[PDB]
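One-based numbering, in listed order, for ligands and for the atoms of each. So you know, we letter chains A, B, ... as the sequences are listed, proteins then strands, and number each from 1.
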Amino acid sequence: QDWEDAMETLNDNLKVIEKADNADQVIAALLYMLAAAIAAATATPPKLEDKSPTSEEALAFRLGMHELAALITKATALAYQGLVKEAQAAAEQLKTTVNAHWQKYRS
Amino acid sequence: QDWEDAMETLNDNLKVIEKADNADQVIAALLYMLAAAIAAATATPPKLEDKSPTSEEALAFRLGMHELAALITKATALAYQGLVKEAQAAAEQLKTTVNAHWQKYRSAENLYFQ
Amino acid sequence: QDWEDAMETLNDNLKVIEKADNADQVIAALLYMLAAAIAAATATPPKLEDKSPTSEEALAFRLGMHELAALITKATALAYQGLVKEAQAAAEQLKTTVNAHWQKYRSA
Ligand SMILES: [Ca+2]
Ligand SMILES: [Ca+2]
Ligand SMILES: [Ca+2]
Ligand SMILES: [Ca+2]
Ligand SMILES: [Cl-]
């Protein structure tokens, strides 16, 4: 999947998490988000199409995707413990961090 | 030897997944693969022994191992849902990707000058 | 968020694992450790404040954190199979790794 596909998967699974009723649906959605965040870190967003992958700018992009994976993993740990509303709050919060990355690198 | 060892762990656990009878057996094998994929991205394969770790070619290698981690994680999501046949099919697909990475970065010395 | 805050989360959750009685307690703590290791790889520790983020020294730091995430994930696989004592022994090994990394990268 290209970068925009991975971002769509993040968007689609955030919507699943906010409507979820039990931990298993929240964890499954977070695992799909984690896979997408890892994939996004290996892809090239539009704003970086012609940049050297070892540039400071490309590294900052990949680190930003790694930050998303950290937050997704923390929300997975909350949900694993049965703290489903807490994991849902964490997902709502990391929606804004995902959005920051999306807006920075899209188009 | 670290990269070759990780690749062996990937191949070993793909066989576990093919023989698995339930979701928990598949998930455990995928978690071992994910650990080996992450470890492999910190290793230097034979093809890159002489290159700067900050070179483009070394980064491309690391991102290729991260691609494998993403496929493994997706298979793990399928197995967590109970979609065992689907996770097994995803694993058969990532075997092809593991093979491609292995052929790209392994030592080619047996093939020199053929 | 601090590199130091991620190191504290790793330290805290190693104590949780050492006192655990069952696999789910170990798995939850390992997942918090995995989140912290990933987060730490995106931070700049004091030792690296004077270096380019694209330097070999910064890359070695990030790969040391990735190495820690691999060990954490392997301990999670052990605990997922019910091998609680094995997972706790793996955690004792990564205590050493976390300590070494802390000592290396703290202080400018
Ligand atoms: Ca597409
Ligand atoms: Ca069988
Ligand atoms: Ca503190
Ligand atoms: Ca403290
Ligand atoms: Cl076999």
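An angle of 100° is found at the Ca ion (ligand 2) between B:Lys19 atom O and B:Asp21 atom OD2, rounded to 10°.
The Ca ion (ligand 3) lies at 3.0 Å or more from every N, O or S atom belonging to C:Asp5.
A salt bridge is defined here as a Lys NZ or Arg NE, NH1 or NH2 lying under 4.0 Å from an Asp or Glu carboxylate O, and B:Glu57 with B:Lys51 fails to meet this definition. The pair A:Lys95-A:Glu92 meets the salt-bridge criterion, since a charged nitrogen lies less than 4.0 angstrom from a carboxylate oxygen.
With B:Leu30 as the fixed residue, the side-chain contact (heavy atoms from CB on, under 4.5 Å) test singles out one of B:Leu78, B:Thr76, B:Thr73: B:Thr76.
Taking the six-membered ring where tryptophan is involved, the planes of C:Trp3 and C:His101 are tilted, since the angle between them lies from 30° to 60°.
Within C:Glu8, the N/O/S atom positioned nearest the Ca ion (ligand 3) carries the name OE1.
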